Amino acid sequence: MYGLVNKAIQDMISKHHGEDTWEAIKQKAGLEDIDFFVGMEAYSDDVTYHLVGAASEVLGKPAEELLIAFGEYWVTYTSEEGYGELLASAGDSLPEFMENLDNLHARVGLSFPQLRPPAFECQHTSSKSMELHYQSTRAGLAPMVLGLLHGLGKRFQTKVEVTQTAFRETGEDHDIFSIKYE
């Protein structure tokens, strides 16, 4: 993934657990060569997976729990590190944001060819609910998407409940989430 994702993980862990713990996690993951992450440089996905695995071992939390935390963090982090206006342009409510996300990533993709944006499709079931189909070229990030949705509920001051109903990791076509929101 683009370096920005790995910088954001470094930032979350550092802010939350201190530099010592981050350095440890960095070393466990086998990444002490890499001095800083370059935000607009494409990295092998494995660098990301290895950071999450290693942070899981070091902090004593499951990877999927860290992904949820990380998903929430991403929404705030990117707003503060140069994508505040981009996120604003995506809408002023949770459903509109999820509707615009494929288009938001298109705009990211223009400058940055190695972007592999996931696809998000909304089937709105009422004015307070939707089925969300999440289609990704990556495995194992559904819990991050859970975190992301909560990051957005916070951003828009909307209470939101997310329940996954189809699981890509068990060989289903794609993750599907049932969402209820204020």
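C-alpha atoms forming the largest set that superposes within 1.5 Å between two forms make up the rigid core. One-based numbering along the sequence shown.
Participant: Superpose on the core, then say which of 111 to 119 and 148 to 156 ends up with the larger RMS Cα offset from this form in 4 other deposited structures of this protein.
Facilitator: It is 111 to 119 that deviates more in 4 other deposited structures of this protein.
Participant: Output the stretch having the higher mean C-alpha B factor in the entry; the candidates are 66 to 74 and 152 to 160.
Facilitator: Stretch with the higher mean C-alpha B-factor: 152 to 160.
Participant: Hey, which bit's got the bigger mean C-alpha B factor in the entry, 101 to 109 or 83 to 91?
Facilitator: Going by the record's values, the stretch with the higher mean is 101 to 109.
Participant: Of the choices 40, 132, 58, 146, which one's C-alpha carries the largest B-factor in the record?
Facilitator: Answer, based on the entry's C-alpha B-factors: 58.
Participant: Looking at the temperature factor on the CA atom of residue 140, which third of the chain's modelled residues does it land in?
Facilitator: Tercile = lowest for this residue's CA B-factor.
Participant: Would you mind ranking residue 177 by its C-alpha B-factor against the rest of the chain and naming the third, lowest, middle or highest?
Facilitator: Middle third, going by the recorded CA B-factors of the chain.
Participant: Please place residue 9 in the lowest, middle or highest third of its chain by C-alpha B factor as given in the entry.
Facilitator: Residue 9: CA B-factor falls in the lowest third of its chain.
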